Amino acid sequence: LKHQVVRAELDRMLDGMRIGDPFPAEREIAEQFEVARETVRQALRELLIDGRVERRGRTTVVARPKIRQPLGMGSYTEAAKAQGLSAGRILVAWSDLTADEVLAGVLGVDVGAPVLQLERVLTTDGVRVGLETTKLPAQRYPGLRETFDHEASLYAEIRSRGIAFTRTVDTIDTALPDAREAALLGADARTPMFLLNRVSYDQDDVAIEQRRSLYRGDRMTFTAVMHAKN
């Protein structure tokens, strides 16, 4: 059991420390908890893989873990919850736009059709994670500004309107922020970003949204589990 107890003691240590705090050396810890030095080494390496600690020269220090978000139709806040992390969303702005030729094609609406755009910043533990710009065919969502809690999951709101998320199509690229994106996200011109572009489709294969998400690479990891059979 001494190998299980050391892992629990490191978790308890972690609860009380700040980001950047160094752990005692591996040998001191091992002796504190009557386990091998290699046992402490391994538990620290597991924390590191979990994003909860990082190396600083010879030392292991407390890190702010990246949110590990599954690719698919799940939620940003649910992903962070799963890791014991506190995520939120902040309204940047609603914008009323119209669909140009390209966007009309993506959403399968008429050229000129009304588009409602929601822009929000995603946060975790007091720091900015990403900027989410969702363009919606406005005709599909009357009252959305009225019925929608802008801090909540838009996907849950869309599901509550009888619209099921049946198919998503993502592109994932790297990027750098422009001046506005950098200011919104506490970043600079050199900060590495993920740039995802999504179109979602409902049970009738009718487009739900086109969503652009620009995430700071230092605050986000994406995970994707694929099966051969389906």
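The first residue of the shown sequence is 1; numbering continues from there.
A summary of the deposited B-factors shows that, of 157-165 and 45-53, the stretch with the larger mean C-alpha value is 45-53. Per the PDB record, of the two stretches 145-153 and 117-125, 145-153 carries the greater mean B-factor over its C-alpha atoms. For the set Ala189, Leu184, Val199, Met193, the PDB entry puts the maximum C-alpha B factor at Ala189.
As recorded in the PDB entry, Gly84 shows the highest C-alpha B-factor of the residues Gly88, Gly130, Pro137, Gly84. Sort the chain's modelled residues by C-alpha temperature factor and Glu209 lands in the lowest third, per the entry. In the PDB entry, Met17 places in the middle third of its chain by CA B-factor.
Annotation for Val92: CA B-factor lies in the lowest third of the chain's modelled residues. In the deposited entry, the Cα temperature factor of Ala79 sits in the top third of values across the chain's modelled residues. Among the modelled residues of the chain, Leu103 sits in the lowest third by CA temperature factor in this PDB entry.
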